[PDB]
């Protein structure tokens, strides 16, 4: 199994993509063992990015590695087609799309047309980015089997019965969970890994949870998963998408600038309370020789 990072998109103070900070961040992650990079996902504020900005993220990360899954979805299908086509010249893993978001009660027939249309034009394997809470509809294993063209799926859902069902109906499909709290579980139950936003700021931990599991040292794995669980929670206190920046800078020692409002950055005091929550978990992890002093 693998650990896939839905990479953060660092923005400048004046709301541009800081291509340099993106590259450092991508470089660090590859250095610390991350298998692939998922670009323009939720953790990267993909839905806040223009088609031009989505392409920029690909170009910036393509300098660092070609193990990229390139998210192109949106509510303008022509922008998504143009993006999928422009990836032809990029030797990457595949492209991805989440479902058309916002609009409730969208017909299965219409949703199927959308993903089929991305497959008919894609010059790479096509991954399904399933995130019902964010997009407001579910491409479950049955609908994915009927699309018939996905090479994998990132299932962002608390229900893991739902994630396993993809394998059951598509034995050949790569199945990833999007929950950080299930790295140990995923790795041990026969799935292909985790798209984990927590790997942005603790890639050492998510990678290590994985190893321990494949070594059938599940007891340890859970101990480590649970520490990771506390950090996940610390980030929700103030808004995990904004906390990702503070956490990555705190654990990995470089700046990722700011998010894109209405994803507002944490202020000086929110930053203090967040670090005061994880201060002790950091120490324990240097103790356990998982982080460098």
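Positions refer to the first chain, counted from 1.
Higher mean CA temperature factor between 213 to 221 and 174 to 182: 213 to 221, per the PDB entry.
For the pair 38 to 46 and 236 to 244, the record assigns the higher mean C-alpha temperature factor to 236 to 244. Going by the entry's values, 111 shows the largest Cα B-factor out of 111, 95, 75, 134. In the PDB entry, residue 15 places in the lowest third of its chain by CA B-factor. In the PDB entry, residue 56 places in the middle third of its chain by CA B-factor.
Residue 227: CA B factor lies in the highest third for its chain, per the PDB record. For residue 259, the recorded CA B-factor ranks within the middle third of the chain. Only modelled residues enter the ranking.
The entry lists a Cα temperature factor for residue 104 that places it in the highest third of the chain's modelled residues.
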